[PDB]
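Protein chains in written order, with full-length UniProt numbering: chain D, 14 to 80, 85 to 120, 135 to 239, 253 to 680; chain L, 14 to 80, 85 to 120, 135 to 239, 253 to 680; chain Y, 14 to 80, 85 to 120, 135 to 239, 253 to 680. Ideal Cβ positions, reconstructed from N, Cα and C, are used throughout, including at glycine. What follows is one structure encoded as structure tokens, with my remarks underneath.
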Amino acid sequence: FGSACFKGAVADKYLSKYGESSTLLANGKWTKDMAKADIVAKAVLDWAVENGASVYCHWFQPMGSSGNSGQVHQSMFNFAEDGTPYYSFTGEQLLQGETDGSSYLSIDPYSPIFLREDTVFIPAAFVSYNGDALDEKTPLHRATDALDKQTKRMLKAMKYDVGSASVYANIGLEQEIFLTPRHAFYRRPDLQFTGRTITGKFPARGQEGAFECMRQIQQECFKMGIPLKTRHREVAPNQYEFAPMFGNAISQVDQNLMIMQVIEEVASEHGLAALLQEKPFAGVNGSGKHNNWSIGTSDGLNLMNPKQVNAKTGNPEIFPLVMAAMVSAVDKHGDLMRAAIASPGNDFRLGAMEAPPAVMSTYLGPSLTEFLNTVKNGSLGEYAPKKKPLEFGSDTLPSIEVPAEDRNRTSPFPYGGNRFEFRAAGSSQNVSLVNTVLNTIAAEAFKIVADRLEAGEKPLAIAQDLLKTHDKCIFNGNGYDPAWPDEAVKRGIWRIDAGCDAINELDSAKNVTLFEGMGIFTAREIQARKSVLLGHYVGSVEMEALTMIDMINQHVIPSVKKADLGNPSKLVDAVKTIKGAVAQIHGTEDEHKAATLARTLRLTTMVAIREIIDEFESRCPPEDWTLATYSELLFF
Amino acid sequence: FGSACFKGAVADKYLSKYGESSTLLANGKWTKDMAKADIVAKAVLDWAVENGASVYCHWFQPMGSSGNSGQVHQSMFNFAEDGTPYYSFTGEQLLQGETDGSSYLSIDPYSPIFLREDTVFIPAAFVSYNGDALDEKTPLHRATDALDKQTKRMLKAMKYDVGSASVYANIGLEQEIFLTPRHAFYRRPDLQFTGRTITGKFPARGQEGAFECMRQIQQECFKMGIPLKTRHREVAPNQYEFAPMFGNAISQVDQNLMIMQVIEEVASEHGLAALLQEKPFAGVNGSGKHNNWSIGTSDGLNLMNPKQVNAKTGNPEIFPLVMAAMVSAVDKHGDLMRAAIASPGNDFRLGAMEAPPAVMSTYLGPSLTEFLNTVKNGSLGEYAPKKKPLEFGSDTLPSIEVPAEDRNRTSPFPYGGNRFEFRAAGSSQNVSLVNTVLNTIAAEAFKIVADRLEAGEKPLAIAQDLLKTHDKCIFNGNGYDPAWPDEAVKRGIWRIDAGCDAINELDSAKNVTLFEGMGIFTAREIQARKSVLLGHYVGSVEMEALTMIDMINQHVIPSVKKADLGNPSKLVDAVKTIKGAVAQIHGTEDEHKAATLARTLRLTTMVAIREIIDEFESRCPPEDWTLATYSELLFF
Amino acid sequence: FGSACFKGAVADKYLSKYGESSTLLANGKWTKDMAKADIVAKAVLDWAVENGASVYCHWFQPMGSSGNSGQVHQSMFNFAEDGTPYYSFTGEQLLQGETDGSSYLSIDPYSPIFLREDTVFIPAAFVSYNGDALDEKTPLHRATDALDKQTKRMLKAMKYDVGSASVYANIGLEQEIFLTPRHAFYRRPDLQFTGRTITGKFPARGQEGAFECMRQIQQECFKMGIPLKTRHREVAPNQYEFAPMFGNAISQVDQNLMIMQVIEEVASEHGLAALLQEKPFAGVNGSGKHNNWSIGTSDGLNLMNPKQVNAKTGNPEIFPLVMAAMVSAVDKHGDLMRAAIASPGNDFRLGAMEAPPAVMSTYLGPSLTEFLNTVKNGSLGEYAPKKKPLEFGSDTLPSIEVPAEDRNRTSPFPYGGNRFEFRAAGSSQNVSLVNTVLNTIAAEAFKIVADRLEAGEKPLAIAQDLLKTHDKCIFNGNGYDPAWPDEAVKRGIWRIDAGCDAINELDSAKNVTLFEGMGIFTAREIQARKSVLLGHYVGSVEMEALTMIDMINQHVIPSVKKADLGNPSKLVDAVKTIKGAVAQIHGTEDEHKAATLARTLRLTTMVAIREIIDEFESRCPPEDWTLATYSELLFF
């Protein structure tokens, strides 16, 4: 409906009062202007005042804030000498904010100003006083700008003009959320403090208003201006996927963050709880958040649609090169993609059956694979996934046409026909970093091909050179094969089984040269980003450890003593071990070393302790097990 | 009413808006057409939008999915550049879907596109990318096609033309459901995870809104347009039978599946639970799902009605021949029927008092038996079950007329006067497989008789030959006699006491030659089907075993310790034994071997453990028994 | 009101639509007719459809079904090719049903087709496929027909014509029901499974919406067409008697069964429970169901009204003769009456203070006794119980007139002034068998007197002969005297203290010759009836035993252990004893032997066990006694 999103027709409704329209809001040039800034400030002031809002808060995503997004509130109504609450909201209040960098928020014109409860949320970018990008919005803006400029350069170098069209990253975010009874949520301290179950015996080993909740989600998003296309269940119990369609990554990351938020408070309203963690329950499918990422222009041109590219430009050569470029990007910076997804919860999703393993290998599909191979051999044609017939052996049953591309779900970076469905991204982790890295690697490859074009090199020769350089990362087989990681390592594809090492790869020489090359970060900027990510990971692991300590001492040991399930001295020794592990974590200074110790602890010592807890729970009566068990959380 | 079923008059209501009618929807040829596909897509889009539906999900039944039916949701409203939810639903969205074959859904035009909640469910057939039938809908379609073509061939070979009339399997599905207090259902983990009570002491040894619930079922089926004829209680406590009348088997299997789904969700709404398992309670009558199967043409001709056949065709020989055909089919493929009913729950129903034993012997009734015997001797007349008088010795009581056929309830395949009431089918198991095997064996028999007719053989001689070949399977006496199984074995009738062996009989040489002969399956197809069925059975047994482990470790042992009912070391040994049994189950590779071990475990070791648990429960106070006892589940 | 009873004016309301009236329904000849059958089928179809009913179920009482009455449901609305629920109910659906005889229901035209909830209940008689009467309705019909024909014969033999008037048994059924808090009912397993308390200590030794409930009963019976005359309390706590007035026994037995049912579900609605057992509580008055039985013609002539007989016929000799006839009947078949009342619960009512002892001796009253004695001496006058004055010694208090018959309550078959108030009948047991035996013995006596009249013998001489033959059974004194049974045995009156022996007397040579003489049963029929009754009794005793096993193992032993009321080893030995007794019950083949063992068990072993449990309960605190005690059940 747009009633809670100052964009498009709703924005125009009040911009026309001052002779403006949503066209002014779309480009974002109004922030540079002064009179337009005050005009839109008055318009949004009115919009909020009859929407039932009186406070405007600037909105931002702090460094490594997976939950999830901070804000600063300010009253937009003042009091004069008479002492009356008269609404007064100026452009300076709209653009500038206040928030400490810590060991001056600025609005994001490309993100829609939206509204919740009686407060209008104004998305904004967060920096330090020096100027360092201390958020995820500013790096993503820099990455998108570099992507746009490099795309324009390389298109112009091959005799194609986009005019004033703006290039960006069109992304859909298949956000998956677990829904739990809030009564059981209150009985699981790990979910309260970490969002994922650090322990709990899954029933039957493991080798396998609720409808009101997401209908309220859907009606909210209608009134909220979010085109939430499809919400539906998933394989795991009470795991609901919301898949808004593609849009500018700048807006879409904020869309995803606020969708996460509104889902959280709606579940709280419904007497439930929205676990956004990547793997809130061990033994079930991980709650992944696929990022359908693609290159999209303002006028709707998509670089992953060869037919659309040929129709709009007339040069078939565009689609392979950029694809090869993207392939090169992966083969150049797959670790960085592994770095992007490296989040506390996501370390329980890589390598499992639901999510692809830690090998960052792209999947172009079979037919596209031999098409690019033929291009590399010196034969460029036109990729076209012709649909083959499919009959079911019955005349009554219709004969359908299905694409010859036998689609794959085992790849971290598969080409889903018309886009890259990067499935490695996690639900709790905001994809902002993922889009930053994807945009910057695309921009690097695009700059390389543009420079080669400007040097006079034929686009063909660039295609063969890049393909023969980076065809190793292309993979089409079953990625869930246990014999795949070592084969990929032999091939040379990026593969980091450790999230800690993945993050530590951020400040590598190649990655740093990339970041200043595309202007995404400075050395200090990327060093601070890596430091924050490592600290976030180690802190999440530390709080999981402390919650385990509290669970053992408060729930597991008392339950064992009450039910007389044997000597709990093993659990006491486990508490000593985990406390010592936290001691070494806090006693080491190297951030990567601390992260490695934390990951080793989480994946080995806490897993063994969790197995011990599950053994003690299987023999514990339900009344004695104070912690709510997986049966209550999942099956309700 | 049809308000939630896009069929018949309701479908015509919106097809007339585009100049069409329900006649187009009936034949199913619209899927082949292009413009008609878009027209019906628009019509169903409207039907959904003013019914209050915004998401369309393709609907299918996976291999061996007894619960029960998967679906993929997609929004039929899109957003343009302005960002408004405009409803747009095309034919491509209607026909083709997305779902992984796994180690491209297509619509089922012969199944009614129906609606539930705010989602329109579109029944569809599920295959693999290769083309292999990975569902039950496609095998049923192939079986019905083969049945129709063979029936048409054999009718034409004997000078009878059906024109454009379509032959199919008219079936009624007497679906029986147990209704349990959901409060007790949540206290029985076995019902939560397996649907049937793996343990629990029945009171008194065993040798013997609720009305709001099925009135809501009835009003739903009205507003949903399911002609649910009769819902009524049964011998067992809270066991309710729903008996929708005859219809095309292709549509009727979906009708049964969705009836199961709606009953489950309504019971959940009413604070109850709908146990669909075959034998949810040991000691009471099994919840069977009788399949009233018959051969029915489009114009209403029924092959089991000799009078109707004579009236419509004028050739009395049709009814006996075809009868022997089905008789031959049974005597040729009774194991296959035993294979069809072989489901995890159904192994607790065969051989009991409620359901017929594991001897797949048909019952034609006495008078029909000597009629067919006389035909075999070379004397064909006209079967006619004349009704004999029945007086009660009182002039006040009316003198009635009852058919001379003393009907039998102890047979697995009795001829209920005008149909085959195959009572061996189970409630949880979808009858789709049962209809596939019945249709393919009928098609084989009809093909044999048609080939003999085309060779010039008199229909009479075929009748005597087939009857003298396959009269052994005919049985009229008491099937519940303990001396019946060995008598049938000496007779040569098919009898598989083991569901595992029944399923393993699917890939037999004769069965495989049947399946490619009728085109129902390929060798790979039937091998995959047998593999899936065996895996489903062994997995269900494995989860019953694991749930048992959880019950003793979590409930039975703590209850014994609290109530001081003696040493629970016997239960600990039982847990060790069941864990070891699961270990051998997971340690063997042969699927049939695994299924045999699982069945032996379930029928012997788990039964003995259940007896021990019942002994401990009989001496346990009700408050100490955390698990809800049969008295609470049944008598509420 | 008749709104839920298709009879009389309500039936005529819709029979007039087809030119018919309730006169057609009254005689029952419409079932023989074809067009009338379809007409009444359409009429009842309408009556149901605007009463809010959609399903018709045939209704019957199975052999020895004391609860209570089975039914088979069928939809009376069908679906055509269009698929619409069109109401279509034919005569064949009305008359013919389906139900297994087991180791083809036909309507009862003399019982009113009635209606409950959304289902129209159609009373029907249940037989086997062979033709054997496998219910109680058909024996009652045969007995009533024999009674009518013999009464007509004997009246005509003495120059009295009844024309087309129909003779039958006019009976009132003083049905007594105990009402218990359903919360307490759920805490007593015996009441759940047997309906009577097998144990429980009565407070104070034993030597002594609720109003909403029976007002709802009364308004239901008003809307139900049931003329429930008087509902009122009784001596025992919460024991309510409902006394519908006299009517045809064929209809009145169904009235009683459906009253029992509707009371059960009304009590369930009111959060109560309707205990229908004969002696649901040991120590209080038994819940007897007096059968006020008399001979009544269609035009209202009553054979127990001498004044009415003289007025209508003019021959005073009718009333004495027939009386001696019934007297003879008792003196010939008192055991059979003792057989008729022989039911599981009723064995706890015979011999107590509330109900007369096991001596089946009739009570004609003093004045009638010497009147019949004078007739036997050869002096017949006219019986007339002239009312004697009764003054209270106060002029203010009115002087009343009271019958000289000092009425008695200690007799099993007293003559209550104008009818036989056979008080031995039990509440749970349906009186259908009682009416069968009374009608057949009356028919035998009438046949004997009619044969003597046709031989030319004077009615007087028959009177003296029968009186001197059968005057021993006449008793006027206090039947509760402990010395009465021995005096009656010396007199030769029938007296069976054992219900098992009472039932076993059914197949005696005299009883069998009676049953084929009046045509009530064949030898196979009576043998099956006796077998069913003995099996019912032994099964009820066996489930009482099993429920007791469950109570001691589940409630009494845990309560004793928790409250530390001494060694419960005595209760363990009692469980061993009762289990062994059930073992001998199941190990013997003679049905009478099994019943005798069951009765001995019930009256001795479980009585002693009940005394032990009461001793343990008296010392048990109320919270420790999980079973609900008599104080909670009776005083609420």
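Please go through the same chain and pick out, in chain order, the residues whose beta-carbon is closer than 6 angstroms to the beta-carbon of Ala-468 of chain D, but skip the five residues on each side of it. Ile-385 and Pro-456
Identify, in the order they occur along the chain, each residue of the same chain with its Cβ nearer than 6 angstroms to the Cβ of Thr-357 of chain L, setting aside the five sequence neighbours on each side. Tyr-191
Rounded straight-line distance, which links the Cα of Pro-220 of chain L to that of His-214 of chain L: 12 angstroms
Report yes if the C-beta distance between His-71 of chain Y and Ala-155 of chain Y is below 8 angstroms; otherwise report no. yes
Would you tell me roughly how many angstroms separate the C-alpha atoms of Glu-655 of chain L and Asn-85 of chain Y, rounded to the nearest one? 32 angstroms
Could you tell me how far apart the beta carbons of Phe-325 of chain D and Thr-591 of chain D are, in whole angstroms, since I believe they sit closer than 8 angstroms? Their Cβ separation, rounded to whole angstroms, is 15 angstroms, which puts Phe-325 of chain D and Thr-591 of chain D out of contact at 8 angstroms.
If you drop the 5 nearest sequence neighbours on each side, which residues of the same chain put their C-beta closer than 6 angstroms to that of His-599 of chain D? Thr-670 and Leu-671
By DSSP, does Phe-255 of chain L sit in helix, in strand, or in coil? helix
For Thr-228 of chain D, decide whether its Cβ has a neighbour in chain L, counting only Cβ atoms nearer than 8 angstroms. no
Residues that DSSP places opposite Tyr-284 of chain L in a beta bridge: L:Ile-208 and L:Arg-277
Minimum Cβ-Cβ distance from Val-446 of chain D to chain L less than 8 angstroms: yes
Give a yes or no on whether the minimum CB-CB distance between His-172 of chain L and chain D is below 8 angstroms. yes
Could you work out which residue in Y:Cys-517, Y:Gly-610 and Y:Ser-552 is closest to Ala-368 of chain Y when comparing CA atoms only? Y:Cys-517
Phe-224 of chain Y touches chain L at which residues, Cβ-Cβ below 7 angstroms? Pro-234 and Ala-235
Per DSSP, the bridge partner or partners of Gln-91 of chain D: D:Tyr-69
Does DSSP put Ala-326 of chain D in a helix, in a strand, or in coil? coil
Against chain L, does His-71 of chain Y count as a neighbour if the rule is that its beta carbon must be under 8 angstroms from one of theirs? no
Inter-stretch contact at 8 angstroms, needing at least 3 Cβ pairs: the segment 87-104 of chain D / the segment 478-492 of chain D: no
So which residues on chain L does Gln-598 of chain Y lean against when the C-beta distance must stay under 8 angstroms? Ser-662, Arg-663, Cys-664, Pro-665 and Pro-666
8 angstroms Cβ shell around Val-310 of chain D - same chain, five flanking residues per side excluded: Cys-257, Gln-260, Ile-261, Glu-264 and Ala-318
Report, in whole angstroms, the separation of the C-beta atoms of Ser-29 of chain D and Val-23 of chain D, which I expect to be a contact under 8 angstroms. Not a contact, Cβ separation roughly 11 angstroms.
Alpha carbon to alpha carbon, how far is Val-306 of chain L from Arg-275 of chain L? Give it in angstroms, no decimals. 14 angstroms
Give me the Cα-Cα distance between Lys-55 of chain Y and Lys-637 of chain Y, rounded to the nearest whole angstrom. 52 angstroms
Nearest residue (CA-CA) to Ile-153 of chain Y, options Y:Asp-176, Y:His-90, Y:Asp-495 and Y:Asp-179: Y:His-90
Taking 7 angstroms as the limit between beta carbons, can you name the residues of its chain near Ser-142 of chain Y, skipping five residues before and five after? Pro-154, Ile-294, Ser-295 and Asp-298
Rounded straight-line distance, which links the Cα of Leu-641 of chain D to that of residue 129 of chain D: Inspection of chain D shows residue 120 followed directly by residue 135; residue 129 of chain D is thus not represented.
If we cut at 8 angstroms on Cβ distances, does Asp-439 of chain D have a partner in chain L? yes
Counting contacts by CB-CB distance shorter than 8 angstroms, is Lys-30 of chain L in contact with chain Y? no
Residues that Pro-458 of chain L bridges to, as DSSP identifies them: L:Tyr-407
Roughly how far, in whole angstroms, is the beta-carbon of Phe-19 of chain D from the beta-carbon of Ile-202 of chain D, given that I think they are within contact range, below 8 angstroms? Incorrect: roughly 22 angstroms between the Cβ atoms, too far for contact.
Tell me the residue span of the alpha helix (DSSP H) that contains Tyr-104 of chain L. Run containing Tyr-104 of chain L: none in the alpha helix (DSSP H); it sits in the beta strand (DSSP E), 102-104.
Assuming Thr-413 of chain L and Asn-520 of chain L are in contact, meaning their beta carbons sit under 8 angstroms apart, how far apart are those beta carbons, in whole angstroms? 6 angstroms
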